[PDB]
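J.: My structure is stored as entry-v3.txt, with compact mmCIF, N, CA and C atoms.
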```
# COMPACT_ATOMS: atom_id res chain seq x y z
N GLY C 1 8.81 -10.32 12.66
CA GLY C 1 7.99 -10.63 11.46
C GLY C 1 6.52 -10.33 11.67
N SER C 2 6.22 -9.09 12.05
CA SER C 2 4.84 -8.68 12.28
C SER C 2 4.08 -8.55 10.97
N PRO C 3 2.87 -9.13 10.90
CA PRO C 3 2.03 -9.05 9.71
C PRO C 3 1.54 -7.63 9.44
N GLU C 4 1.43 -7.27 8.17
CA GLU C 4 0.96 -5.94 7.79
C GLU C 4 -0.57 -5.87 7.85
N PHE C 5 -1.13 -6.47 8.89
CA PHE C 5 -2.56 -6.56 9.07
C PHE C 5 -2.84 -6.87 10.53
N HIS C 6 -4.07 -6.60 10.98
CA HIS C 6 -4.46 -6.81 12.38
C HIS C 6 -3.66 -5.90 13.31
N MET C 7 -3.30 -4.72 12.84
CA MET C 7 -2.54 -3.77 13.66
C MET C 7 -3.41 -3.23 14.78
N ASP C 8 -4.60 -2.77 14.40
CA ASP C 8 -5.58 -2.28 15.36
C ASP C 8 -6.92 -2.93 15.05
N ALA C 9 -6.90 -4.25 14.96
CA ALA C 9 -8.08 -5.02 14.62
C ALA C 9 -9.02 -5.19 15.81
N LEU C 10 -8.99 -4.23 16.72
CA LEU C 10 -9.91 -4.22 17.84
C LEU C 10 -11.17 -3.46 17.46
N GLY C 11 -10.97 -2.39 16.71
CA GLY C 11 -12.08 -1.56 16.26
C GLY C 11 -12.99 -2.27 15.27
N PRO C 12 -12.47 -2.72 14.12
CA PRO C 12 -13.29 -3.38 13.10
C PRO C 12 -13.80 -4.74 13.56
N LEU C 13 -15.13 -4.86 13.66
CA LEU C 13 -15.78 -6.11 14.04
C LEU C 13 -15.37 -6.58 15.44
N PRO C 14 -15.71 -5.80 16.49
CA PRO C 14 -15.40 -6.15 17.87
C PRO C 14 -16.29 -7.28 18.39
N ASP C 15 -17.56 -7.23 18.01
CA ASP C 15 -18.53 -8.22 18.46
C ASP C 15 -19.71 -8.32 17.50
N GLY C 16 -20.18 -7.18 17.00
CA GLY C 16 -21.27 -7.19 16.04
C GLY C 16 -21.07 -6.12 15.00
N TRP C 17 -20.65 -4.94 15.46
CA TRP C 17 -20.49 -3.79 14.58
C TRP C 17 -19.37 -4.01 13.58
N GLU C 18 -19.55 -3.43 12.42
CA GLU C 18 -18.54 -3.42 11.38
C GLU C 18 -18.39 -2.00 10.85
N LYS C 19 -17.20 -1.45 10.97
CA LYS C 19 -16.99 -0.06 10.59
C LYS C 19 -16.12 0.06 9.34
N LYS C 20 -16.64 0.79 8.35
CA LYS C 20 -15.92 1.04 7.11
C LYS C 20 -15.89 2.54 6.82
N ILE C 21 -14.70 3.11 6.70
CA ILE C 21 -14.55 4.55 6.53
C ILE C 21 -14.76 4.99 5.08
N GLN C 22 -15.48 6.09 4.90
CA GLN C 22 -15.66 6.71 3.60
C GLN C 22 -14.73 7.92 3.50
N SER C 23 -14.33 8.26 2.28
CA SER C 23 -13.37 9.34 2.02
C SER C 23 -13.78 10.69 2.63
N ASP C 24 -15.05 10.83 2.98
CA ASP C 24 -15.53 12.04 3.65
C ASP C 24 -15.10 12.06 5.12
N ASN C 25 -14.69 10.87 5.58
CA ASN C 25 -14.31 10.61 6.98
C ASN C 25 -15.56 10.21 7.75
N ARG C 26 -16.50 9.66 7.01
CA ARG C 26 -17.73 9.14 7.58
C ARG C 26 -17.64 7.63 7.69
N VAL C 27 -17.66 7.08 8.90
CA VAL C 27 -17.58 5.65 9.02
C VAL C 27 -18.97 5.05 8.93
N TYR C 28 -19.15 4.06 8.08
CA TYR C 28 -20.41 3.35 8.08
C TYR C 28 -20.31 2.21 9.07
N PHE C 29 -21.42 1.83 9.66
CA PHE C 29 -21.42 0.73 10.59
C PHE C 29 -22.50 -0.24 10.23
N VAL C 30 -22.19 -1.49 10.40
CA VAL C 30 -23.15 -2.55 10.24
C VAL C 30 -23.03 -3.50 11.41
N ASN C 31 -24.00 -3.48 12.29
CA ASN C 31 -24.06 -4.50 13.32
C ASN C 31 -24.89 -5.66 12.80
N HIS C 32 -24.33 -6.86 12.83
CA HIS C 32 -24.99 -8.00 12.20
C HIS C 32 -25.84 -8.78 13.20
N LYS C 33 -25.58 -8.58 14.48
CA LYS C 33 -26.35 -9.25 15.52
C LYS C 33 -27.76 -8.69 15.56
N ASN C 34 -27.85 -7.37 15.55
CA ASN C 34 -29.15 -6.71 15.68
C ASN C 34 -29.59 -6.16 14.33
N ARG C 35 -28.70 -6.26 13.35
CA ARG C 35 -28.96 -5.80 11.98
C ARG C 35 -29.29 -4.32 11.95
N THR C 36 -28.26 -3.49 11.84
CA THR C 36 -28.45 -2.05 11.83
C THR C 36 -27.26 -1.35 11.17
N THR C 37 -27.55 -0.30 10.42
CA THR C 37 -26.52 0.52 9.80
C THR C 37 -26.52 1.90 10.43
N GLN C 38 -25.35 2.51 10.55
CA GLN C 38 -25.22 3.81 11.22
C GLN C 38 -24.10 4.66 10.61
N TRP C 39 -24.40 5.93 10.36
CA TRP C 39 -23.45 6.84 9.72
C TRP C 39 -22.55 7.57 10.73
N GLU C 40 -21.28 7.73 10.33
CA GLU C 40 -20.23 8.41 11.13
C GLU C 40 -19.77 7.58 12.33
N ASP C 41 -20.75 7.24 13.18
CA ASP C 41 -20.61 6.49 14.42
C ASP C 41 -22.04 6.19 14.93
N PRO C 42 -22.29 5.02 15.55
CA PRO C 42 -23.65 4.59 15.91
C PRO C 42 -24.25 5.35 17.08
N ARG C 43 -24.60 6.61 16.85
CA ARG C 43 -25.23 7.44 17.89
C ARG C 43 -26.69 7.06 18.13
N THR C 44 -26.95 5.77 18.27
CA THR C 44 -28.29 5.28 18.59
C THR C 44 -29.33 5.88 17.64
N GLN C 45 -28.95 5.98 16.37
CA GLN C 45 -29.76 6.62 15.33
C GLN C 45 -30.31 7.98 15.79
N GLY C 46 -31.61 8.16 15.70
CA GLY C 46 -32.23 9.42 16.10
C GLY C 46 -32.22 9.61 17.61
N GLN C 47 -32.47 8.53 18.34
CA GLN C 47 -32.57 8.56 19.80
C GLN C 47 -31.32 9.15 20.43
N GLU C 48 -30.16 8.67 19.97
CA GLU C 48 -28.86 9.18 20.43
C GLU C 48 -28.76 9.08 21.96
N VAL C 49 -28.80 7.83 22.45
CA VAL C 49 -28.99 7.57 23.88
C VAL C 49 -28.20 6.36 24.36
N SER C 50 -28.22 5.28 23.59
CA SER C 50 -27.56 4.05 24.00
C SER C 50 -26.06 4.30 24.22
N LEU C 51 -25.43 4.98 23.27
CA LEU C 51 -24.02 5.32 23.40
C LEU C 51 -23.85 6.64 24.16
N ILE C 52 -24.91 7.04 24.84
CA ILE C 52 -24.89 8.22 25.69
C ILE C 52 -24.98 7.79 27.16
N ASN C 53 -25.46 6.56 27.34
CA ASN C 53 -25.75 6.00 28.66
C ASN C 53 -24.49 5.74 29.47
N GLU C 54 -23.41 5.37 28.78
CA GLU C 54 -22.13 5.18 29.44
C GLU C 54 -21.00 5.57 28.49
N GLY C 55 -21.31 6.42 27.52
CA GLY C 55 -20.36 6.68 26.46
C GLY C 55 -19.79 8.08 26.47
N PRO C 56 -18.67 8.30 27.18
CA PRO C 56 -17.98 9.58 27.18
C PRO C 56 -17.00 9.71 26.02
N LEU C 57 -17.33 9.07 24.91
CA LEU C 57 -16.47 9.04 23.73
C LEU C 57 -17.28 8.89 22.43
N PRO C 58 -18.19 7.89 22.32
CA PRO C 58 -18.88 7.59 21.07
C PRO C 58 -20.39 7.97 21.03
N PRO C 59 -20.77 9.24 21.28
CA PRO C 59 -22.14 9.71 21.11
C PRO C 59 -22.41 10.06 19.65
N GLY C 60 -22.00 9.17 18.76
CA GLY C 60 -22.04 9.46 17.34
C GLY C 60 -20.97 10.45 16.95
N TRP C 61 -19.93 10.49 17.75
CA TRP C 61 -18.76 11.30 17.48
C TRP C 61 -17.62 10.37 17.15
N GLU C 62 -16.56 10.89 16.58
CA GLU C 62 -15.42 10.06 16.27
C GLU C 62 -14.15 10.63 16.86
N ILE C 63 -13.33 9.74 17.40
CA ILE C 63 -11.97 10.10 17.73
C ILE C 63 -11.16 10.10 16.44
N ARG C 64 -10.54 11.22 16.14
CA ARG C 64 -9.68 11.28 14.98
C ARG C 64 -8.25 11.32 15.46
N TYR C 65 -7.47 10.32 15.10
CA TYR C 65 -6.10 10.24 15.55
C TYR C 65 -5.15 10.74 14.47
N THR C 66 -4.26 11.63 14.85
CA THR C 66 -3.24 12.11 13.94
C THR C 66 -1.97 11.30 14.15
N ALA C 67 -1.21 11.11 13.08
CA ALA C 67 -0.03 10.24 13.09
C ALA C 67 0.84 10.40 14.34
N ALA C 68 0.90 11.61 14.90
CA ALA C 68 1.69 11.87 16.10
C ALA C 68 1.11 11.13 17.32
N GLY C 69 -0.09 10.61 17.14
CA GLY C 69 -0.73 9.82 18.18
C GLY C 69 -1.68 10.63 19.03
N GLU C 70 -2.22 11.70 18.48
CA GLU C 70 -3.18 12.51 19.20
C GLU C 70 -4.60 12.20 18.73
N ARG C 71 -5.49 11.96 19.67
CA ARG C 71 -6.89 11.73 19.35
C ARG C 71 -7.70 13.00 19.56
N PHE C 72 -8.45 13.40 18.54
CA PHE C 72 -9.35 14.53 18.64
C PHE C 72 -10.79 14.04 18.58
N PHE C 73 -11.73 14.95 18.67
CA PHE C 73 -13.14 14.63 18.50
C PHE C 73 -13.63 15.11 17.14
N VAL C 74 -14.65 14.44 16.63
CA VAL C 74 -15.26 14.79 15.35
C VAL C 74 -16.77 14.66 15.44
N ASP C 75 -17.48 15.75 15.19
CA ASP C 75 -18.94 15.73 15.16
C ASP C 75 -19.45 15.94 13.74
N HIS C 76 -20.50 15.22 13.37
CA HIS C 76 -21.03 15.33 12.00
C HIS C 76 -22.12 16.40 11.87
N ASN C 77 -22.55 16.94 13.00
CA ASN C 77 -23.63 17.93 13.01
C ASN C 77 -23.14 19.25 12.44
N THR C 78 -21.95 19.64 12.86
CA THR C 78 -21.34 20.87 12.42
C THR C 78 -20.15 20.58 11.51
N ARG C 79 -19.81 19.30 11.38
CA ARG C 79 -18.66 18.87 10.59
C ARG C 79 -17.38 19.47 11.17
N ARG C 80 -17.10 19.10 12.42
CA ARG C 80 -16.00 19.71 13.16
C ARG C 80 -15.09 18.66 13.76
N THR C 81 -13.80 18.96 13.74
CA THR C 81 -12.86 18.22 14.56
C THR C 81 -12.34 19.17 15.64
N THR C 82 -12.03 18.64 16.81
CA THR C 82 -11.75 19.48 17.96
C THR C 82 -11.07 18.66 19.06
N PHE C 83 -10.29 19.32 19.91
CA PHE C 83 -9.55 18.62 20.96
C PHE C 83 -10.50 17.91 21.92
N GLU C 84 -11.56 18.61 22.31
CA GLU C 84 -12.56 18.04 23.22
C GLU C 84 -13.97 18.40 22.74
N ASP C 85 -14.74 19.08 23.61
CA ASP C 85 -16.09 19.63 23.31
C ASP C 85 -17.27 18.79 23.84
N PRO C 86 -17.48 17.52 23.41
CA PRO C 86 -18.70 16.80 23.79
C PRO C 86 -18.70 16.32 25.24
N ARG C 87 -17.67 15.58 25.63
CA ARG C 87 -17.58 15.08 26.99
C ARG C 87 -16.13 14.78 27.35
N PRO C 88 -15.68 15.24 28.53
CA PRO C 88 -14.31 15.02 28.99
C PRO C 88 -14.08 13.56 29.41
```
Before anything else, please render the file you have as structure tokens.

T.:
Amino acid sequence: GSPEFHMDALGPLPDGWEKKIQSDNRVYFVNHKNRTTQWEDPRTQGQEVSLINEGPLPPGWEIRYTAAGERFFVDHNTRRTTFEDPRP
């Protein structure tokens, strides 16, 4: 009797951030602790450094998972999805 909710409730609201996806595939973020909004993924706004300091996944990029269970990368600069590219 598994609930049709909280399937992957690790991503949405982990500690402060709140991620809501837009039909463009742009996730909005709202961190309520520090009060900040971020487009696509929180690439430390312009600085693009905080999630670069130990982040081999979220440099304002997105993992896009296909139903088969494959995660790709997504960059908003060129509007690209790709197997890898930013960091292994």

J.: Would you pick out the contacts of segment 4-16 of chain C at 9 Å or less, using only C-alpha atoms, so that residues sharing its chain but fewer than 4 positions from it are not included, and give the list as a PyMOL selection string?

T.: chain C and resi 20+30-35

J.: I'd like the neighbourhood of segment 39-49 of chain C as a PyMOL selection string, where a residue qualifies if any of its atoms comes within 8 Å (using only C-alpha atoms), though same-chain residues fewer than 5 positions away should be ignored.

T.: chain C and resi 25-29+58-62+76

J.: Name all residues at most 8 Å from residue 81 of chain C (count only C-alpha atoms; drop same-chain ones fewer than 6 positions away) and give them as JSON, numbers by chain.

T.: {"C": [64, 72, 73, 74, 75]}

J.: What gap, in Å, lies between atom CA of residue 70 of chain C and atom CA of residue 86 of chain C?

T.: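 One can read the atom CA of residue 70 of chain C to atom CA of residue 86 of chain C distance as 16.7 Å.
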
J.: Please indicate the distance in Å from atom CA of residue 80 of chain C to atom N of residue 56 of chain C, rounded to one decimal place.

T.: 18.3 Å

J.: Quote the spacing between atom C of residue 83 of chain C and atom C of residue 36 of chain C in Å to one decimal place.

T.: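 Computed distance, atom C of residue 83 of chain C to atom C of residue 36 of chain C, equals 27.7 Å.
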
J.: Please return, as a ChimeraX atom specification, all residues of segment 6-49 of chain C that DSSP assigns to strand (DSSP E or B) on the basis of the backbone.

T.: /C:19-22,26-31,36-39

J.: Taking only C-alpha atoms into account, which of C:50, C:2, C:23, C:82 comes nearest residue 63 of chain C?

T.: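 Looking only at the distances to residue 63 of chain C, the closest residue turns out to be C:82.
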